[PDB]
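Let me begin by presenting the structure, written as structure tokens, before commenting on it.
Don't worry about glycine lacking a Cβ; one is built from the backbone with ideal geometry, like all the others, and counts go over all protein chains shown. Laboratory data are not the source of any read-out in this text; all were calculated from the coordinates shown.
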Amino acid sequence: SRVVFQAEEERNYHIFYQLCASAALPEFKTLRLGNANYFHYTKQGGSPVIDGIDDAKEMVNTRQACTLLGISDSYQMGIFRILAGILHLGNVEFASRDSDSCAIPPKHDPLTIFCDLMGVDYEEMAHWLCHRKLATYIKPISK
Amino acid sequence: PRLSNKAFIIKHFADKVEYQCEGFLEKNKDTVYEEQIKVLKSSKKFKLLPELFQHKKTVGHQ
């Protein structure tokens, strides 16, 4: 539940914050992050920083531990890239349309980044966010 | 609770705990759509993303 919800003065799991504080770094620029108040999955509890902790230094320590246990630097970028896509996926907004249905806004900046990061089609994903197989007839879902 | 219709009390081992019903249903829901998983499984730029993935599923039952 914590992945998509937080209550007052709580954070999501630490790795998401370690990633946002490391956003302006050169290897992380394809992940396209802003600060923690940007993303829906990391802003809910209003608490973005823990007193006494540098989330970026802890990311340096986290990456170093992955290096020690043999998660090759190619796979390390793998993990961080999936987490960045979960973060961008959370800012996909849905706009209600006729007959209790919905659709994404045209050329959506969070969705475009999500699809780029994962390497899927944009339109195939945008369709199946708002639609569902009923089994074989295709039917729109409510917001 | 005498003054609430939106909360319930369980007497657990150690002590009583009042639980507030608000937010229980939404947190419990966990039903992924199959279609959406196929979109991800069929990737061609990312080795790790298809390596992850080999009535009604819910957080409580899990």
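At a glance:
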item: Members of segment A:13-23 found to be surrounded by 21 or more Cβ atoms within 10 Å (Cβ to Cβ) and either assigned to a loop (DSSP other than H, G, I, E, B) or of a type in the set (S, T, N, Q) (or both), listed by number; result: A:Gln18, A:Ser22
item: Selected residue (criterion: surrounded by the most Cβ atoms within 10 Å (Cβ to Cβ)) from residues of segment B:1-24 that are charged (D, E, K, R) and not in a loop (DSSP other than H, G, I, E, B); result: B:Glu18
item: Number of positions in segment A:127-143 that are more than 10 Å from chain B (Cβ to nearest Cβ) and part of a helix (DSSP H, G or I); result: 1
item: Filter result for the condition that a residue is within 25 Å of A:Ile79 (Cβ to Cβ) and assigned to a helix (DSSP H, G or I), over B:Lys38, B:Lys27, B:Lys44; result: B:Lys38
item: Residue in segment B:8-35 that is farthest from A:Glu123 (Cα to Cα), counting only those that are of a type in the set (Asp, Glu) and more than 19 Å from the chain's Cα centre (by Cα); result: B:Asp15
item: Residue that is nearest to B:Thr31 (Cα to Cα), among those in segment A:12-59 that are out of contact with any helix residue (DSSP H, G or I) (no Cβ under 6 Å at 6 or more places or on another chain) and of a type in the set (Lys, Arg); result: A:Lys43
item: Within segment A:57-74, tally of residues that are assigned to a helix (DSSP H, G or I) and either at positive phi or under 18 Å from the mean Cα position of the chain (by Cα) (or both); result: 1
item: Exclusive hit being of a type outside the set (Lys, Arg), surrounded by 13 or more Cβ atoms within 10 Å (Cβ to Cβ) and over 26 Å from A:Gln6 (Cβ atoms), set A:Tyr75, A:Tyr38; result: A:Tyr75
item: So A:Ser142, is it farther than 17 Å from B:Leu49 by Cβ, of a type in the set (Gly, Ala, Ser) and under 23 Å from the mean Cα position of the chain (by Cα); result: yes
item: Qualifying residue in segment B:28-43 (condition: surrounded by fewer than 11 Cβ atoms within 10 Å (Cβ to Cβ) and more than 8 Å from chain A (Cβ to nearest Cβ)); result: yes
item: Selection from segment A:89-112 of residues that are in a helix (DSSP H, G or I) and within 14 Å of another protein chain (Cβ to nearest Cβ); result: A:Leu89, A:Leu111
